[PDB]
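The data block below is upload.pdb; it holds PDB, C-alpha atoms.
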```
ATOM      1  CA  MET A   1     146.919 125.650  17.068
ATOM      2  CA  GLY A   2     149.790 123.329  17.962
ATOM      3  CA  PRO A   3     153.105 122.494  16.250
ATOM      4  CA  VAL A   4     151.490 120.481  13.431
ATOM      5  CA  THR A   5     148.056 119.805  11.936
ATOM      6  CA  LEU A   6     147.465 116.321  10.523
ATOM      7  CA  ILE A   7     145.112 116.221   7.531
ATOM      8  CA  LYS A   8     145.651 112.772   5.994
ATOM      9  CA  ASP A   9     148.038 110.070   7.240
ATOM     10  CA  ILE A  10     149.964 107.384   5.344
ATOM     11  CA  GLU A  11     148.478 103.910   4.791
ATOM     12  CA  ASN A  12     149.742 100.379   4.072
ATOM     13  CA  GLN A  13     150.483  99.840   0.368
ATOM     14  CA  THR A  14     150.499  96.855  -1.990
ATOM     15  CA  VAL A  15     152.512  97.084  -5.214
ATOM     16  CA  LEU A  16     153.115  94.882  -8.258
ATOM     17  CA  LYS A  17     156.759  93.870  -8.757
ATOM     18  CA  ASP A  18     158.719  96.410 -10.878
ATOM     19  CA  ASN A  19     156.015  99.054 -10.304
ATOM     20  CA  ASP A  20     156.532 102.290  -8.345
ATOM     21  CA  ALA A  21     154.833 102.660  -4.944
ATOM     22  CA  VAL A  22     153.922 105.909  -3.172
ATOM     23  CA  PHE A  23     153.348 106.875   0.474
ATOM     24  CA  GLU A  24     151.488 110.155   0.922
ATOM     25  CA  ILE A  25     150.866 112.411   3.949
ATOM     26  CA  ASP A  26     149.047 115.734   4.138
ATOM     27  CA  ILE A  27     150.235 117.662   7.183
ATOM     28  CA  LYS A  28     150.444 121.380   7.936
ATOM     29  CA  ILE A  29     153.587 122.463   9.786
ATOM     30  CA  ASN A  30     152.956 125.528  11.942
ATOM     31  CA  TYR A  31     156.464 126.073  13.332
ATOM     32  CA  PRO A  32     159.274 126.875  10.832
ATOM     33  CA  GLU A  33     161.937 124.816  12.634
ATOM     34  CA  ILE A  34     159.944 121.570  12.401
ATOM     35  CA  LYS A  35     160.838 119.250   9.504
ATOM     36  CA  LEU A  36     159.508 115.855   8.379
ATOM     37  CA  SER A  37     161.868 112.886   7.933
ATOM     38  CA  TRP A  38     161.372 109.432   6.336
ATOM     39  CA  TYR A  39     162.657 105.991   7.406
ATOM     40  CA  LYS A  40     162.739 102.322   6.451
ATOM     41  CA  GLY A  41     163.017 100.201   9.570
ATOM     42  CA  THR A  42     165.115 102.583  11.662
ATOM     43  CA  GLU A  43     167.294 103.985   8.872
ATOM     44  CA  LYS A  44     166.817 107.552   7.586
ATOM     45  CA  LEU A  45     166.028 107.798   3.863
ATOM     46  CA  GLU A  46     167.407 110.269   1.312
ATOM     47  CA  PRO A  47     166.696 110.851  -2.397
ATOM     48  CA  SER A  48     168.437 108.059  -4.321
ATOM     49  CA  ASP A  49     168.185 105.622  -7.230
ATOM     50  CA  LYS A  50     165.598 103.785  -5.119
ATOM     51  CA  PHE A  51     163.747 106.608  -3.323
ATOM     52  CA  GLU A  52     162.089 109.861  -4.384
ATOM     53  CA  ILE A  53     161.344 112.342  -1.587
ATOM     54  CA  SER A  54     159.419 115.553  -2.264
ATOM     55  CA  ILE A  55     157.239 118.302  -0.785
ATOM     56  CA  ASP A  56     154.371 120.156  -2.476
ATOM     57  CA  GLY A  57     152.525 122.561  -0.200
ATOM     58  CA  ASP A  58     151.484 120.424   2.769
ATOM     59  CA  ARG A  59     151.814 117.225   0.728
ATOM     60  CA  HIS A  60     154.844 115.057   1.593
ATOM     61  CA  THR A  61     155.604 112.142  -0.734
ATOM     62  CA  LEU A  62     157.855 109.089  -0.497
ATOM     63  CA  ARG A  63     158.157 107.138  -3.751
ATOM     64  CA  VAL A  64     159.719 103.668  -3.824
ATOM     65  CA  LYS A  65     160.892 103.067  -7.396
ATOM     66  CA  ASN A  66     161.013  99.742  -9.281
ATOM     67  CA  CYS A  67     159.842  97.653  -6.329
ATOM     68  CA  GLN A  68     161.538  94.292  -5.803
ATOM     69  CA  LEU A  69     160.847  91.678  -3.117
ATOM     70  CA  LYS A  70     163.539  93.052  -0.808
ATOM     71  CA  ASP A  71     161.885  96.487  -0.917
ATOM     72  CA  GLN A  72     159.178  95.097   1.376
ATOM     73  CA  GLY A  73     159.212  96.369   4.959
ATOM     74  CA  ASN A  74     158.063  99.113   7.330
ATOM     75  CA  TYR A  75     158.238 102.704   6.061
ATOM     76  CA  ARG A  76     157.989 105.430   8.703
ATOM     77  CA  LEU A  77     157.906 109.199   9.220
ATOM     78  CA  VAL A  78     158.524 111.703  12.022
ATOM     79  CA  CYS A  79     157.216 115.289  12.061
ATOM     80  CA  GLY A  80     157.062 117.175  15.350
ATOM     81  CA  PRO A  81     154.775 115.247  17.718
ATOM     82  CA  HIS A  82     153.354 113.184  14.843
ATOM     83  CA  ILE A  83     154.661 109.741  13.929
ATOM     84  CA  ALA A  84     153.490 106.989  11.565
ATOM     85  CA  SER A  85     154.404 103.644   9.995
ATOM     86  CA  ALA A  86     153.126 101.791   6.925
ATOM     87  CA  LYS A  87     153.920  98.382   5.434
ATOM     88  CA  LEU A  88     154.865  97.832   1.787
ATOM     89  CA  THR A  89     153.817  94.478   0.325
ATOM     90  CA  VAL A  90     155.174  93.368  -3.060
ATOM     91  CA  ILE A  91     153.227  90.790  -5.077
ATOM     92  CA  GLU A  92     153.295  88.956  -8.426
TER      93      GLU A  92
END
```
Mind converting the file's structure to structure tokens?
Amino acid sequence: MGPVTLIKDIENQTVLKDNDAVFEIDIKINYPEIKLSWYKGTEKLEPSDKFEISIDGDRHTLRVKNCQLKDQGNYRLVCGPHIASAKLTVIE
């Protein structure tokens, strides 16, 4: 059935300044050695004062907290053969 099974991909997001934003992917991982990773631009992301990263079943979540203007950019993920990118736009 392949290394992974995509159910629902991430999408571009628009967020009000100072609000939290969330990127959300549903993907089933069929091989135990395969892991998903998150990026902004080309830099790998980790849990921090700015980012929340979590896993619940097949649901992978990247939360960008307290979004300022400089938090805009391209947020990406890699998981086996699957890859994706989504833009964060900050308004108001």
(request) Rank nothing, just name the residue among A:54, A:74, A:12, A:66 nearest to residue 39 (chain A), using all atoms listed in the file. (result)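 Checking each of A:54, A:74, A:12, A:66 against residue 39 (chain A), counting all atoms listed in the file, the winner is A:74.
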(request) Go through A:69, A:29, A:4, A:55 one by one, measure the shortest atom-to-atom distance of each to residue 17 (chain A) using all atoms listed in the file, and give the residue with the smallest value. (result) A:69
(message) Residues within 8 Å of residue 7 (chain A), please, as a PyMOL selection string. Count only C-alpha atoms; anything in the same chain fewer than 4 positions from it doesn't count.
(response) chain A and resi 25-28
Spell out the residues picked by the PyMOL selection byres ((chain A and resi 2) around 10) here, as a PDB file with C-alpha atoms, in the frame of the given file.
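Contents of out_8.pdb, freshly written:
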```
ATOM      1  CA  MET A   1     146.919 125.650  17.068  1.00  0.00           C
ATOM      2  CA  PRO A   3     153.105 122.494  16.250  1.00  0.00           C
ATOM      3  CA  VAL A   4     151.490 120.481  13.431  1.00  0.00           C
ATOM      4  CA  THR A   5     148.056 119.805  11.936  1.00  0.00           C
ATOM      5  CA  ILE A  29     153.587 122.463   9.786  1.00  0.00           C
ATOM      6  CA  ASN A  30     152.956 125.528  11.942  1.00  0.00           C
ATOM      7  CA  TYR A  31     156.464 126.073  13.332  1.00  0.00           C
ATOM      8  CA  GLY A  80     157.062 117.175  15.350  1.00  0.00           C
ATOM      9  CA  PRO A  81     154.775 115.247  17.718  1.00  0.00           C
TER      10      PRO A  81
END
```
(request) Between CA of residue 65 (chain A) and CA of residue 9 (chain A), measure the distance and give it in Å to one decimal. (result)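 CA of residue 65 (chain A) sits 20.7 Å away from CA of residue 9 (chain A).
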(request) Calculate how many Å separate CA of residue 36 (chain A) from CA of residue 60 (chain A), rounding to one decimal. (result)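 Computing the Euclidean distance for CA of residue 36 (chain A) and CA of residue 60 (chain A) yields 8.3 Å.
Closest approach to residue 37 (chain A) among A:16, A:22, A:10, A:83 is made by A:83 (distances from all atoms listed in the file).
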(message) Restricting the calculation to all atoms listed in the file: of A:67, A:78, A:84, A:34, which residue gets closest to residue 49 (chain A)?
(response) A:67
(message) Taking only C-alpha atoms into account, name the residue in A:15, A:91, A:77, A:21 that is nearest to residue 50 (chain A).
(response) A:21
